[PDB]
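*Asks:* Handing you this structure, nothing more for now.
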Amino acid sequence: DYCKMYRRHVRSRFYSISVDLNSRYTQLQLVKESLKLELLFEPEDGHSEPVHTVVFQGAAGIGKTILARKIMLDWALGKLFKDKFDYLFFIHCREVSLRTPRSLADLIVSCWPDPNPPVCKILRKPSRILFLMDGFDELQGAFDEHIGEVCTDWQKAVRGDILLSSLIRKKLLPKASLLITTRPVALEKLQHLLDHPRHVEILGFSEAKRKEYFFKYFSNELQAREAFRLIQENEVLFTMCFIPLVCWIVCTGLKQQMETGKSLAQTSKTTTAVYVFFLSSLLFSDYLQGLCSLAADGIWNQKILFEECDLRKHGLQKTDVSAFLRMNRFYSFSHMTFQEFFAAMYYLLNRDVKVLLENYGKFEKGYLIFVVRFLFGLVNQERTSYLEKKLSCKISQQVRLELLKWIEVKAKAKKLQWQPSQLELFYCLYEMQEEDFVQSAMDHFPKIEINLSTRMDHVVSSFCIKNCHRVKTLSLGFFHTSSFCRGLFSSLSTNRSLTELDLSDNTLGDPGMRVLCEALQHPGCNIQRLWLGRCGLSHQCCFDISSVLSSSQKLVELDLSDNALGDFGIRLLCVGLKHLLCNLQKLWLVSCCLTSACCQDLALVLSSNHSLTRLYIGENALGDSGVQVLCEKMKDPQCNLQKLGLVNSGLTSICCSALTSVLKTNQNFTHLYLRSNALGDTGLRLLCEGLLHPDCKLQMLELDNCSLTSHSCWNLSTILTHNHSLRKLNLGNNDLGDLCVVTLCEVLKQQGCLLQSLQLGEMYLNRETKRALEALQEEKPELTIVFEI
Amino acid sequence: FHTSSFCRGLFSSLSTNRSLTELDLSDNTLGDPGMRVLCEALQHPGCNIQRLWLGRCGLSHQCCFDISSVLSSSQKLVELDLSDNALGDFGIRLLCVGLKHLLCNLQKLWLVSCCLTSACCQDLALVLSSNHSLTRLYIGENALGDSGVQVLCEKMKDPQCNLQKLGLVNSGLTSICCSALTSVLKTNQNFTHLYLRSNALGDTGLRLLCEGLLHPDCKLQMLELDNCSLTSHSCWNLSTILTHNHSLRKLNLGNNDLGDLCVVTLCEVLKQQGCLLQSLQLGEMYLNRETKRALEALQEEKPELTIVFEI
Ligand SMILES: CC(C)(O)c1coc(S(=O)(=O)NC(=O)Nc2c3c(cc4c2CCC4)C=CC3)c1
Ligand SMILES: Nc1ncnc2c1ncn2[C@@H]1O[C@H](COP(=O)(O)OP(=O)(O)O)[C@@H](O)[C@H]1O
């Protein structure tokens, strides 16, 4: 059969990567943004748009190419896509040059062993055909201008980029399958070309998978066990080994060490500089210059399949082929990271460094930063000296100052979208490992925002913020953590500059919140502000937070919105709040799944803590009973509460009498919110009962969506005519009628009203009403209106 | 609520009424012949009506001839409404004859949703150079387009033009007419207000408006941009407008995805005392907690600068 012979041929091609593939292969961890490899293309939901558009993301050396070759070999061995698919094809960006227009026939002929495939027979059922695009970072060189060029003929010879762009949007063989493996850097535009794709990220080895990989690498079990033990000797190296490429490099280095008699613990002692130490252990200035210039010209030209002319220009000769390079004549680097490393080393042995600084972005997915990363690696004073004394060369030093200036350029720029993320900057600053320069070039980050998804991220963040000395606002993202939280927040207590800490929407969980709590109550921490919205906490964290409040006198405000604390959680918090050393001022408790029962406890807080100015207990099933319980204790003039809020509390007019008492008595209760409460006109009249009081101080009174009516409208007129202190108001979603609006207008006309804002959003008024509102805006422009819906 | 005889019998006395000043007839389907009857009722010298609203009356181009005669014969009428009547470009061509008359004292003219096109715009231009009493025009919700707006503006750039509060709500414009609007802002010294909602101006259009907004001779006292389908790329231009325009005192940005960075930059720009803005709206978008804190702060230290950030 044709499929059997083609599968045998691709098995022959993909048997090795030399070194055998499957024997050295080890499983990886992948999660859809764990998704099993055998569970790839079936739709989890029965209404999935074509499953044929799946995109893959991963780091450099994560195993996208190895995953592609492994799935191809499985399809060549009778494992996967036998009863489901029939044909699998391989397309590579490096081989498919964008300058030469081609067709799908060319790709099939290249993939087929026979230069004369049955093209007529194999282009009838695209369902059982899957096209693979590996290394997508070499395709969008002209997608930004070729949006409208569409080709749908399989036999038509059109530029490779245009043809693949046509393939992506499912119009050339629309029912065929596609599998694209990409770097995650520059997907922002590609998702526009994608028709309901599935983004799957690759995370690499776990601990057991790492041990399996060392077993499958070394031919000696004892040597593999010693390598494993020395990997756990260095925690940093063990964390770095989640990338299979680093495992390969360290295994080869340990092989070279033990065969030559060198000790293996030296490899473990070497951190963050695996590539440089590996190169030094493996091993002339003309050779280095030629190879470095070859890598640099490949960088500019996006060329990997070098020919003789490049080596002629760079002075490289036939005797200049080594292990890093590979001859196929075709010259190609074994893995790209090596050529970025050589290009980075070039600029320290066009030599103008500014090409790296500003010509970034000309290549999709940012080849340069990785390059520049090793630049920060090499410019390290100890590493620079070691490079000079190991290769007898000299390293330029103005490059460090230029890179510093680039650091401030990146930090202080405005159009921050095009630049790569700040986590890349922190990777660089961890790579270089120069304390004074890190501190000096890092004092330019008053506000730090980072999103963490692996052990390496946690380690680099720990180092970076530990180096920080002048940071004020800090945010974190645990995008998937007791050990993680400990490792990060241990340094935060020692940080004497931090003042605001954002952790909203992170599912750090309850034990992580506990870890944060014992981190905070250390006397060194200077955090005055802590936001914890939607953290997924519960009543357990309230005990720890209460301890923090009773022990810390620097914290000012605090947020706990949308955590199911409950009335028991509030009961736990009030113990800390009532403590005489609590300096809390603003306390959010929105949507904390509360009930009226907690309200009583809250009352004691208002008579035990005087620093609490504004409370926000909206969106809870408090009710009239709870509001009355709060108000009854709140009527004391000594109570210092200012800006209470009861948004969507399900109240009624019953609590309005208590609110009236509060307004009549308290002299500091300025603001007040009541939206989404069925107060009614009786409730508004009851509020008016206290609003007219000469001792009132209410400086705003929101009533949006209170389900009001025009019966208490005279009360509105009275409030405006007599309240000389109220300066804002809201009436959204209240059917008051045209007569009420015009009476409001005529009341506002006089100079005795000091109102400075009013909203009539979202209702249908009249033409006469609109004229009256325009007039009142005309003669008095200070009194703003938002009447327009 | 169900009229030639009816209209005659009623409006015969209205001409003799020496006290009436405003006459509302919105939503009445009095038809076109009834509107004619009203017209011969009005142009009697005794009538003192200064205000006539005719929204959704179901009129057509036929009534425009009679209304033009009324305008050319009456010197007491001040404003006039014709919203949601299918007048058409021919109806506007008929009206402009009366409007261009030297005895027309019209000040406010609504023409919202009059089924117009760009062709009428040229005629309207002559009005602005023939009638100086016309202060505010409202020609929104029509398929005018960039060509029509350019035709209006090209004649509108004269500093002698007395138009103040033009409006182009939902006119289907684009950034092309923004250069003409920039010229208007650069030249005219009385064009205070201006509406542009529901127009796909874009960030390029906002930059083009900023080109004339920054002019020291500007006088624009409000600039609505709600639902203009904006973005954060021209955001520096927003900062520049607030930092340099000392006359603008209102603004609208509803239904514009500007992003958190833009909102916080807006905040920090507004912080300084060099900004005289007295209102701003950020209705109907999803902001951030830090954004909300910044907005609450700017409301705290300076209470005069109102914000409607809450959706
Ligand atoms: C921000 C984000 C998600 O980490 C990212 C964005 O872009 C990339 S990547 O595609 O540049 N890959 C890499 O940097 N891999 C990589 C890493 C380390 C060490 C090495 C490599 C490559 C060889 C040595 C240590 C952590 C990652 C990653
Ligand atoms: N599944 C795997 N099993 C064993 N080694 C792997 C695996 N994936 C990657 N590697 C290691 O990574 C190297 C190849 O990296 P590659 O897959 O080309 O990275 P990328 O896919 O990011 O280009 C090989 O030397 C190999 O040792």
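Note that the numbers count up from 1, one per residue, in the order the chain is shown.
Cβ coordinates are placed from backbone N, Cα and C, and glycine is handled just like the others.
Feature table excerpt (Swiss-Prot):
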- A:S18: phosphoserine (MOD_RES)
- A:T26, A:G58, A:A59, A:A60, A:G61, A:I62, A:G63, A:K64, A:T65, A:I66, A:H335: ATP binding site (BINDING)
- A:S97: phosphoserine (MOD_RES)
- A:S127: phosphoserine (MOD_RES)
- A:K156: ubiquitin cross-link (CROSSLNK)
- A:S166: phosphoserine (MOD_RES)
- A:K262: ubiquitin cross-link (CROSSLNK)
- A:398-402: motif 'KFERQ-like motif 2' (MOTIF)
- A:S483: phosphoserine (MOD_RES)
- A:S490: phosphoserine (MOD_RES)
- A:497-517: repeat 'LRR 1' (REPEAT)
- A:526-547: repeat 'LRR 2' (REPEAT)
- A:553-557: motif 'KFERQ-like motif 3' (MOTIF)
- A:554-574: repeat 'LRR 3' (REPEAT)
- A:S561: phosphoserine (MOD_RES)
- A:583-604: repeat 'LRR 4' (REPEAT)
- A:611-631: repeat 'LRR 5' (REPEAT)
- A:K633: ubiquitin cross-link (CROSSLNK)
- A:640-661: repeat 'LRR 6' (REPEAT)
- A:668-688: repeat 'LRR 7' (REPEAT)
- A:697-718: repeat 'LRR 8' (REPEAT)
- A:725-746: repeat 'LRR 9' (REPEAT)
- A:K728: ubiquitin cross-link (CROSSLNK)
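Give me the structural setting of these features: burial, nearby parts and distances.
*Replies:* Within 10 Å of the C-beta atom of A:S18 (phosphoserine) sit 7 other C-beta atoms, taking all shown protein chains into account.
In the three-state DSSP scheme, A:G61 (ATP binding site) falls into the coil class. Cβ neighbour count for A:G61 (ATP binding site): 19 (other Cβ atoms within 10 Å of its Cβ, all protein chains included).
In three-state terms derived from DSSP, A:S97 (phosphoserine) belongs to neither a helical nor a strand segment and is classed as coil. In this view, A:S97 (phosphoserine) is surrounded by 15 other Cβ atoms within 10 Å of its Cβ, with every protein chain counted.
Spatially close to A:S127 (phosphoserine) yet at least six residues away along the chain are A:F85, A:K175, A:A176, A:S177, judged by Cβ distances under 8 angstroms.
Within 10 Å of the C-beta of A:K156 (ubiquitin cross-link) there are 15 other C-beta atoms, taking all protein chains into account.
All protein chains considered, the CB of A:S166 (phosphoserine) has 21 other CB atoms within 10 Å.
Sequence-distant neighbours of A:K262 (ubiquitin cross-link) (same chain, 6+ residues apart, CB-CB distance under 8 A): A:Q256, A:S281.
Per-class residue totals from DSSP over the motif 'KFERQ-like motif 2' (A:398-402), listed helix then strand then coil: 5 helix, 0 strand, 0 coil.
Around A:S483 (phosphoserine), no same-chain residue at least 6 positions away in sequence has a Cβ under 8 Å from its Cβ.
Under the three-state DSSP scheme, A:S490 (phosphoserine) falls in the helix class. The Cβ of A:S490 (phosphoserine) lies under 8 Å from the Cβ of A:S462, A:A519, each on the same chain and at least six residues away in sequence.
Sequence-distant contacts of the repeat 'LRR 1' (A:497-517) (same chain, at least 6 residues past either end, Cβ-Cβ under 8 Å): 468-478, 480-482, 484-486, 489, 525-538, 540-541, 544-545, 547-548, 559.
Long-range contacts of the repeat 'LRR 2' (A:526-547) within the same chain: residues 492, 495-510, 513-514, 517-518, 520, 554-566, 568-570, 572-573, 575-577, 588, each at least 6 residues beyond the stretch ends and with a Cβ under 8 Å from a Cβ of the stretch.
Counting residues 6+ beyond its ends, the motif 'KFERQ-like motif 3' (A:553-557) has Cβ neighbours under 8 Å at 520, 525-530, 581, 583-588 in the same chain.
Residues near A:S561 (phosphoserine) in space but far in sequence (CB under 8 A, at least 6 apart, same chain), listed by position: A:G533, A:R534, A:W588, A:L589, A:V590, A:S591, A:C592, A:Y616.
With a cut-off of 8 Å between Cβ atoms, the residues of this chain six or more beyond the repeat 'LRR 4' (A:583-604) that come close are 533, 549, 553-567, 569-571, 574, 577, 611-623, 625-627, 629-630, 632-634, 647.
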*Asks:* What recorded positions among A:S18, A:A59, A:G61, A:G63, A:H335 are found with a C-alpha within 10 angstroms of that of A:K728 (ubiquitin cross-link)?
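*Replies:* Close recorded positions: none.
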*Asks:* Among A:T26, A:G58, A:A59, A:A60, A:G61, A:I62, A:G63, A:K64, A:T65, A:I66, A:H335, listed as contacts of ATP, what is the widest Cα spread in Å, to the nearest whole number?
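*Replies:* This binding site's residues have a maximal Cα-Cα distance of 18 Å.
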*Asks:* With the Cβ under 6 Å from ligand 1 as the test, give me the qualifying entries from the recorded positions A:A59, A:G61, A:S97.
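*Replies:* The ones that qualify, in sequence order, are A:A59, A:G61.
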*Asks:* Of A:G61, A:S127, A:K156, which recorded positions come close to ligand 2, meaning Cβ under 6 Å from one of its atoms?
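*Replies:* A:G61, in sequence order.
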*Asks:* Indicate whether A:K633 (ubiquitin cross-link) is helix, strand or coil by DSSP.
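*Replies:* Once the DSSP labels are grouped into three classes, A:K633 (ubiquitin cross-link) ends up as helix.
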*Asks:* Report, as numbers and ranges, every residue of the chain located at least six residues beyond the repeat 'LRR 5' (A:611-631) whose Cβ falls under 8 Å of a Cβ in that stretch; write 'none' if there are none.
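*Replies:* Result: 561, 577, 582-600, 602-603, 605, 640-652, 654-655, 658-659, 661-662, 671, 673.
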*Asks:* Are any of A:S18, A:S97, A:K156, A:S166, A:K633 (the recorded positions) within 10 Å of A:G63 (ATP binding site) when you go C-alpha to C-alpha, and if so which?
*Replies:* none
*Asks:* Measure from the Cβ of A:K633 (ubiquitin cross-link) and count the other Cβ atoms within 10 Å, all protein chains considered.
*Replies:* 16
*Asks:* Between the Cα atoms of A:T26 (ATP binding site) and A:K156 (ubiquitin cross-link), find the distance and write it as a whole number of Å.
*Replies:* 41
*Asks:* Below 8 Å Cβ to Cβ and six or more residues apart, same chain only. Which residues does that give for A:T65 (ATP binding site)?
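*Replies:* Expected: A:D134, A:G135, A:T181.
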*Asks:* For A:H335 (ATP binding site), which of the recorded positions A:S18, A:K156, A:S166 has the nearest Cα in space?
*Replies:* A:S18
